[PDB]
Amino acid sequence: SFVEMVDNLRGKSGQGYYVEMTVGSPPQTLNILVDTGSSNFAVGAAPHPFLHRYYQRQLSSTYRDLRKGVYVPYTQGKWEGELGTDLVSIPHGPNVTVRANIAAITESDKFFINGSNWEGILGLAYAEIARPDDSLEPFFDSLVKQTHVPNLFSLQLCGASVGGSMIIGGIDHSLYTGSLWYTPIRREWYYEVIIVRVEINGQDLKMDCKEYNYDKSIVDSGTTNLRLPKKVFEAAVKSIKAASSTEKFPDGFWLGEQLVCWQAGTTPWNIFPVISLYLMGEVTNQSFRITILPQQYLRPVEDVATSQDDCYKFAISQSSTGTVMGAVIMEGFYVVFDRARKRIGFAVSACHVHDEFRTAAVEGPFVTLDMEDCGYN
Ligand SMILES: COCc1cc2cc(c1)C(=O)N[C@H]([C@H](O)CNCc1cccc(C(C)C)c1)Cc1cccc(c1)OCCCCO2
């Protein structure tokens with residue numbers, strides 16, 4: 001019954017993928033950002049310059065106030081609100097209705113994005129990082145307890161406006177090619193994984209693999225960029241700089257601020273390297289790798305000038321809170337959040353990136369010794 005859920009995600013590039021949901025009786029329809037990097041379900045519940053619509057608790061006969069406040073600070077933006085429960089459905093999802101925790105957003109700061117077209121956020125991670133604390137049952141936990149939906153979902157994010165699929169309750173084999181490769185969920189809070197090796201154009205970065213996961217590595221559809229710990233980010237940028245030194249870039253381009261542009265159709269893709277992330281596998285001493293094309297980490301953006309050129313922003317940036325495999329990494333791939341088996345699966349997506357001579361890939365097996373040493377403690 002998964003064909004009903006294919007193509008149920010929309011978005012604008014860099015502004016988040018959202019799914020249509022309804023809350024309340026009678027159903028109020030809202031676009032909800034799909035976020036594997038948090039665990040709170042929350043919706044605009046008051047006017048805002050960037051909201052075309054919002055949740056009106058007064059109009060819902062099934063609303064229940066929880067008489068508790070809540071606030072969530074993300075890396076980017078924050079909101080506070082009022083906790084309640086209400087009936088929730090996903091029109092292009094499974095045919096079910098759950099009573100779910102809902103944070104009604106009454107104030108926010110740099111949270112809603114102008115033109116993103118979504119009015120709320122669906123945190124799909126685990127209770128441990130839910131606010132105000134882990135007793136607030138996240139939406140997907142509610143869905144699995146109250147219905148027969150199996151305890152897994154999958155994300156096919158298609159890149160640069162944008163669309164994709166969230167398969168709730170299973171895997172749709174028509175959305176990927178090749179084999180699924182699985183990496184363990186190291187701990188059920190974020191979707192934490194372990195990166196065991198990093199290569200740029202086939203050259204090992206030759207860092208202690210603890211640096212890749214300092215202090216954690218997560219799969220986060222709510223973040224746009226590949227974000228890397230400071231030491232790793234410097235090694236990678238240095239290597240990406242050297243591979244493309246044929247051309248000149250402002251040094252604020254490497255910080256994500258300034259664009260770079262080229263005459264339409266002349267982007268020198270060949271001079272940017274591929275990046276390979278090796279992930280811990282399912283069996284002893286075994287890993288696999290995912291390979292990222294420059295078309296994934298050079299995100300296309302609107303031409304700031306009066307021209308019609310190809311302009312790009314650098315979508316690898318620095319982190320002080322660990323590695324974040326953002327939407328830009330996920331776009332190459334079909335990603336299975338197999339919560340029931342504590343693992344995350346990767347396959348080449350059917351809507352994969354297209355280079356002339358190079359291809360995004362998920363390949364294994366690889367042998368990697370001492371993988372447990374790559375986790376940070
Ligand atoms: C250099 O890039 C920075 C950056 C860019 C960015 C979003 C985030 C960060 C962002 O913070 N996104 C969070 C995710 O939940 C974050 N996940 C990890 C996390 C970090 C801190 C605290 C928590 C707890 C709440 C669990 C969780 C979700 C979010 C919040 C606000 C807007 C948004 C998406 O718009 C989606 C489009 C992408 C917008 O671009």
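First listed ligand is number 1; within each ligand, the first listed atom is number 1. Values below: all heavy atoms of this structure, side chains included; hydrogens, waters and symmetry mates excluded. For the single chain, residues carry numbers from 1 onward in sequence order.
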Do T36 and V335 make a side-chain contact, defined as non-hydrogen atoms from C-beta onward lying under 4.5 Å apart?
no
Within a strict 4.5 Å, meaning less than it, do heavy atoms of the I290 and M325 side chains meet?
yes
Below 3.5 Å, can you tabulate the donor-acceptor pairs from side chains in residues 67-81 to any protein atom, sequence neighbours excluded?
from : atom 1 : to  : atom 2 : distance (Å)
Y74  : OH     : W79 : NE1    : 2.9

Is the centre of the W118 ring less than 6.0 Å from the centre of the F111 ring?
yes
Both conditions, 6.0 Å and 45 degrees, for the charged tip of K231 above the ring of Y214: are they met here?
no
Might you list the protein residues in contact with ligand 1, defined as having a heavy atom under 4.0 Å from one of its atoms, sorted by chain and number?
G14, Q15, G16, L33, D35, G37, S38, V72, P73, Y74, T75, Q76, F111, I113, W118, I121, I129, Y190, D220, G222, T223, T224, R227, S317
Is a salt bridge present between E234 and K238, judged by a nitrogen-to-oxygen distance below 4.0 Å?
no
